[PDB]
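**Student:** whatever this is, show me its structure:
(chains A and B, ligands or ions: 12)
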2 protein chains.
Amino acid sequence: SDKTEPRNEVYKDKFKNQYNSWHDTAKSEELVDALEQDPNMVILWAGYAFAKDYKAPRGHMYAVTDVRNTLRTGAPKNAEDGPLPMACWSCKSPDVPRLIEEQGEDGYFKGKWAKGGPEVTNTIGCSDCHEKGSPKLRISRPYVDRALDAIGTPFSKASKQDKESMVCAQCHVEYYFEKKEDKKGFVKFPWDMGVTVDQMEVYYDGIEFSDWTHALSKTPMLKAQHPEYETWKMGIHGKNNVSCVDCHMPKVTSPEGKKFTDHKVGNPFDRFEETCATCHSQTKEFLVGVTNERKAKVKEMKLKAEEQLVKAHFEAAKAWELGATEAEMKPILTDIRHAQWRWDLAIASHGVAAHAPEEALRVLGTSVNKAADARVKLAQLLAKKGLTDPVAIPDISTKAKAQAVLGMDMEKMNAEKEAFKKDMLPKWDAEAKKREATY
Amino acid sequence: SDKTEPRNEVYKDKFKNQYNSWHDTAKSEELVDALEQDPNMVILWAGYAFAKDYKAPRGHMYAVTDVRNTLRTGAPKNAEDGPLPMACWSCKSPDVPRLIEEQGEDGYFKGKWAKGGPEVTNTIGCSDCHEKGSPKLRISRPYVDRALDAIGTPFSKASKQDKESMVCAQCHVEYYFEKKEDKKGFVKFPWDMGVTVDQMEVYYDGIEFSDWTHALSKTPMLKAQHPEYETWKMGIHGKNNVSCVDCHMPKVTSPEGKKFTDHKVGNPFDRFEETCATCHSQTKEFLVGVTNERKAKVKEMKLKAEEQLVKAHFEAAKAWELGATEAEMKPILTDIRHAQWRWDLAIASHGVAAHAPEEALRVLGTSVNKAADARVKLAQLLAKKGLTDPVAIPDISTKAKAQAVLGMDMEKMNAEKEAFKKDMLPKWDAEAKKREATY
Ligand code: HEC
Ligand code: HEC
Ligand code: HEC
Ligand code: HEC
Ligand code: HEC
Ligand code: HEC
Ligand code: HEC
Ligand code: HEC
Ligand code: HEC
Ligand code: HEC
Ligand SMILES: [Ca+2]
Ligand SMILES: [Ca+2]
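**Tutor:** Residues are numbered from 1 along each chain as shown, chains lettered A, B, ... in the order given. Ligands and ions are numbered 1, 2, ... in the order given. Coordinates below:
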């Protein structure tokens, strides 16, 4: 393109060190089946693509295999097969700013996932955060800019230290999918109101948005996704503009002598003597062991906010199954909507504990003061509908008992996924070999 | 007798720095009626001491003025009288070690409150932290050094920072008088498990202790009384050995030029240098935004905890009035005791917004999660009992409107105290100067 290059090896030389640390984002390769880890989420996302494959994020060289080989996109056969629209790339490849340059936005967006599938082939790449070649940094998706001009802080008109955290937040944020036909599958950041879990919840609620309808309690359920920049602005780090780069891209020196920026983006503790060493008088073993303590006072309340949530869908699933009305089930599924939305947001980023854990726990607190306002109103209605006992909760100890409790054909899913893994995928990588070897 | 000195005023001249600062705790008379400002404590401390009178904690020259006055203490007619016992003078004056060091603890706590009326007069001061004349921090109390010996850190160990925060730890702690016949009336701190909210729970339980049986929900209630050390131990500076002295007793520089520790104990922002300045490099008002944002996240979740509890107490007098057996209301009532305990600890130290906020929020979170399990249990139960429309809560909007909901004659509580504040108090102040003549 005029503006965007996606072939990531053109810069292996002429940016020698900065390239090979960007390859060290293949130094973190581990499927973390967080559906087998916390099988109480199979049951809370009861009726979404998440009941099928949630994983902790791994390296940055895997953004393209993973967005393919996750059970959340199935075995498509045609260029509209597959449930999820195109825009499920967006945050995986410089083959996204490339194709927003070449067809406006709309030409990228409208269309199912696999249609543009043989066109995204590079992993997360250089011209994503940077200009073409140039050492400068750009925003290479136009919604991200449109989204800043809603919170207050335009890219070019905001300090270098501001920008340090930005280009991290073209991707790592929370997003819906614009339901109008003129925006048929755009990405868009729900900031507009603000970014407290309270301000977002009030936004979506104006536009009665639903990512799905809870296939257990029939609640208009919201799905929080990677709220990184959005929680980072609440932690006393980001209260003083500790950049996203200041920790996850630590400006190191070469064996030889000159300073670059390490482009491996892993755990800032792999480069402690380099990241959080530089702004502190502490030791590691002290600071790491204190982050592993926050990483568990967030863990415990994450669970005793789910146990009231499972115990509520089923305390609502019964409420349906005695025939309650819409009129009756209104302000219950209002509460369950909110109570689970707060639970998702507070811990939909795997580092709210590191980044802003004070706000983690207040959110998780109001995700229970709501679930309460539900399970009270769900048992008072189970009374005036003739139940006075409490509802049972079947064996959801494994992922495979909780997945199978939903009548899911998790076999026909796996069957076709590693079928299409070894059937279409050879083509997408080959048909793109064709064109993208001609520049 | 030898090691104490009740008049800290006898050293006014060898230390005018250490005494004219010490004396400025009296430049602090903001008395806020924390029941005029939350009628939902009234209901939560229903049938207990602080149903009558809770106040702000003002400066130290008032503790023997405040504890002579807080309607909790009541109106003894002689000194075989009084609602409360000895161990209330424990933390309110220097006359206190002068009593254990004349006869021992047996001889102290075995008594009524107004038994030792005109024996404790001089308000808080020197020999409560010091060796008579010596500018050194001894532990004036013995129940302290026995609890400190039960957490593995007696006073001898104590790197000079540990020490520093231990002499605040004799009075700024969570305490219970003991019930058992042989250690009867003695103060005891519940650290045997111990320091944390969860660790004082296993203790206060396994041993079957109960500050009072609630008058609405007929719960065996628990009081949580101003724990600073324990919350402070969990806060970030706690984990960095940043003694209570740094923030509240900075080293203010003399008018002559000396550099003496400030003995006016109060605010770290009525001294933003010497305090926060020696560590954190931001403006006085940036670091004041935080501790207030952090203060009113707790205020939101604290109130959204009393939110449930106040309901669940009335949700329990009905289920009693609708006639329940003891055997029904059993686990429902232990949850209540577990809710309004974790809540009360989370928010008893008039500034845990500042010390560990993250821990008050997790603790405040567990409260609402534990009140939540109770109300469903109360919901199903009141349902089998002919109640299905939700339990109604009456106007409890002011102190004096909620105080008169629990039936309380504040005139025959104010009248009996406007005589005790007029008669039997300059009658103690009389024999004060008499017993203080023999010095
Ligand atoms: C040693 C363990 C401490 C004791 C005992 C107390 N604190 Fe603190 N302190 C600090 C701040 C920033 C505040 C904010 C005051 C407010 O806005 O309410 C406080 C306040 C208190 C209070 C309440 C104040 C009042 O009643 O007006 C009490 C009872 C109290 N402190 C006791 C700062 C710090 C600090 C700096 C890191 C430390 C180590 C402590 N406080 C520790 C103690
Ligand atoms: C810019 C807003 C970012 C982004 C996009 C991320 N961070 Fe952080 N983070 C820091 C530390 C010490 C951890 C602990 C890691 C662990 O315990 O495993 C994290 C956590 C993350 C993760 C999860 C790691 C993983 O493998 O998933 C991610 C994806 C992440 N962060 C992205 C340190 C900091 C930090 C200091 C508190 C700041 C500021 C940032 N990171 C900023 C960002
Ligand atoms: C930018 C706004 C993104 C869009 C649009 C989509 N994803 Fe993403 N993805 C993004 C981030 C910041 C991360 C890592 C953080 C995390 O908490 O996971 C990911 C990761 C994934 C993964 C791997 C983990 C997993 O869930 O298995 C998958 C499979 C994935 N993303 C799929 C996916 C789909 C189906 C999308 C369309 C809804 C999609 N992503 C959009 C950033 C962004
Ligand atoms: C987004 C996740 C990035 C990817 C992928 C790559 N880089 Fe990058 N790089 C990124 C940022 C936000 C910065 C900070 C620059 C600054 O000083 O503000 C950098 C650093 C650079 C620079 C300039 C400064 C430096 O430290 O070297 C250049 C010229 C650079 N990186 C080049 C580069 C190339 C060629 C990459 C593909 C191999 C690459 N980076 C990966 C963000 C991201
Ligand atoms: C869109 C191209 C992204 C941009 C720009 C940034 N990140 Fe991201 N990241 C993205 C995805 C889709 C994933 C999923 C990983 C997977 O394969 O499932 C990730 C992952 C991370 C991780 C985890 C890395 C690890 O070793 O586990 C981190 C720490 C991370 N991302 C941080 C991060 C930072 C700090 C960024 C600004 C430089 C950044 N990312 C940009 C997508 C995208
Ligand atoms: C300079 C750019 C910093 C780096 C690198 C890290 N932190 Fe930090 N931290 C910084 C500031 C300005 C503050 C505010 C306190 C102050 O002294 O002004 C902090 C505060 C913390 C906290 C407490 C609050 C929280 O968000 O949990 C922690 C736990 C903390 N810092 C830890 C930490 C660690 C382990 C780091 C390396 C990964 C780290 N910080 C980086 C500035 C900077
Ligand atoms: C028991 C003898 C105490 C010891 C030891 C310390 N304090 Fe105290 N403090 C005590 C009482 C009974 C009160 C309230 C008095 C009243 O009239 O209501 C206080 C008050 C404070 C305050 C608030 C003072 C103000 O100006 O508002 C603070 C900030 C405080 N206490 C802190 C503190 C510290 C850090 C101590 C150890 C150095 C300490 N106190 C000792 C009782 C006792
Ligand atoms: C030392 C372990 C104490 C004992 C025993 C008692 N209290 Fe005290 N009190 C103490 C502190 C550290 C504070 C400040 C925190 C707060 O919540 O205010 C207080 C506060 C008071 C006050 C001021 C207003 C009020 O809280 O009602 C009074 C009047 C008071 N305390 C009196 C009092 C009584 C009657 C006690 C026996 C039940 C008692 N205190 C116990 C420290 C300690
Ligand atoms: C506990 C609440 C205290 C009471 C009561 C009094 N002071 Fe104190 N003293 C206190 C602290 C925290 C320290 C710090 C020791 C250090 O190393 O900094 C001290 C020390 C002193 C000193 C030493 C001089 C100095 O370094 O400031 C003196 C002369 C002293 N204390 C005298 C003193 C007097 C006369 C008091 C009654 C008017 C008094 N102290 C009360 C804490 C406490
Ligand atoms: C040196 C003795 C300190 C004084 C005086 C104060 N603080 Fe502190 N602070 C100190 C340390 C060693 C740390 C750990 C992280 C770091 O590397 O600096 C902190 C951290 C904070 C935090 C964040 C965590 C929290 O408990 O909320 C805040 C908000 C903070 N510091 C502010 C603060 C204020 C307002 C102070 C005056 C009362 C203050 N600190 C005193 C060290 C020291
Ligand atoms: Ca969304
Ligand atoms: Ca108690």
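**Student:** ok, and what's touching stretch A:381-397?
**Tutor:** A:39-40, A:42-43, A:310-311, A:314-315, A:317-319, A:322-324, A:328-329, A:332, A:379, A:401-402, A:405, B:376, B:379-380, B:383-384, B:388 (CB atoms under 8 Å, 6 or more residues apart in numbering or on different chains). For every residue, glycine as well, the C-beta is placed using N, CA and C.
**Student:** give me the distance between the two termini of stretch A:163-173.
**Tutor:** Its start and end residues considered, stretch A:163-173 measures 15 Å (CA to CA, to the nearest Å).
**Student:** so how many other residues sit close to the residue in the stretch 251-400 of chain A that ligand 2 sits nearest to?
**Tutor:** Closest residue of the stretch 251-400 of chain A to ligand 2, CB to the nearest ligand atom: residue A:351 (2.6 Å). By other CB atoms under 10 Å in any protein chain shown, the residues close to residue A:351 number 22.
**Student:** and residue A:123, how many residues sit next to it?
**Tutor:** Residue A:123: 24 surrounding residues under other CB under 10 Å.
**Student:** pretty sure it contacts residue A:60?
**Tutor:** Yes: between residue A:123 and residue A:60 there is a contact under CB atoms under 8 Å: 6.8 Å.
**Student:** buried ones among the contacts of stretch A:381-397?
**Tutor:** A:39-40, A:42-43, A:310-311, A:314-315, A:317-319, A:324, A:329, A:332, A:379, A:402, A:405, B:376, B:379-380, B:383 (16 or more other CB atoms under 10 Å in any protein chain shown).
**Student:** near ligand 12, which of those show up?
**Tutor:** When contact is defined as CB under 5 Å from the ion, the buried ones among the contacts of stretch A:381-397 do not meet ligand 12 at all.
**Student:** which ones are touching the closest residue to residue A:92 other than its chain neighbours?
**Tutor:** Closest residue to residue A:92 apart from its sequence neighbours, by CB to CB, 6 or more residues apart in numbering or on different chains: residue A:63 at 4.1 Å. The neighbours of residue A:63, taking CB under 8 Å, 6+ apart as the test, are A:91, A:92, A:93, A:123, A:124.
**Student:** okay, and the last one sits in which element?
**Tutor:** Right, the one you point to is residue A:124. Here residue A:124, judged by DSSP states H and E, is contained in no helix and no strand.
**Student:** and chain A, which residues reach ligand 10?
**Tutor:** Residues of chain A lying close to ligand 10 (CB under 6 Å from any ligand atom) are A:236, A:280, A:282.
**Student:** and for the residue of the stretch 201-350 of chain A found nearest ligand 9, the neighbour number?
**Tutor:** Nearest residue of the stretch 201-350 of chain A to ligand 9, counting by CB to the nearest ligand atom: residue A:281, 21.3 Å away. Look at residue A:281: counted by other CB under 10 Å, it has 7 neighbours.
**Student:** quick check: it vs residue A:358, distance?
**Tutor:** Separation of residue A:281 from residue A:358 (CB to CB, to the nearest Å) stands at 22 Å.
**Student:** rewinding a little: want to throw the contacts of residue A:63 into TSV with distance to ligand 7?
**Tutor:** Shown next, in TSV, are the contacts of residue A:63 (distance: CB to the nearest ligand atom, whole Å):
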residue	distance to ligand 7
A:91	49
A:92	54
A:93	57
A:123	55
A:124	51
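**Student:** spatially, which two of the residues you listed are the most separated?
**Tutor:** Pairwise distances across the contacts of residue A:63 (CB to CB) peak at 11.6 Å, for the pair A:91 and A:123.
**Student:** contacts only, for the residue nearest to residue A:158 when sequence neighbours are not counted.
**Tutor:** In this structure, residue A:158 finds its nearest non-sequential neighbour in residue A:166, 7.6 Å apart by CB to CB, 6+ apart. By CB under 8 Å, 6+ apart, the contact set of residue A:166 is A:139, A:148, A:155, A:158.
**Student:** and if you look at residue A:428?
**Tutor:** So residue A:428 contacts A:68, A:117, A:118, A:121 (CB under 8 Å, 6+ apart).
**Student:** returning to that earlier point: give me phi/psi at the residue nearest to residue A:158?
**Tutor:** For residue A:166, the backbone dihedrals (degrees, to the nearest 10) come out as phi -50, psi -80.
**Student:** so who does residue A:189 touch?
**Tutor:** By CB under 8 Å, 6+ apart, the residues touching residue A:189 are A:143, A:144, A:147, A:150, A:173, A:174, A:175.
**Student:** pretty sure the last one contacts residue A:188?
**Tutor:** Yes: here residue A:175 reaches residue A:188: they are 6.7 Å apart, a contact under CB under 8 Å.
**Student:** what about residue A:55, neighbour count?
**Tutor:** 15.
**Student:** report the buried residues of stretch A:254-268.
**Tutor:** Across stretch A:254-268, burial judged by 16+ other CB under 10 Å covers A:262, A:263, A:264, A:265, A:266, A:268.
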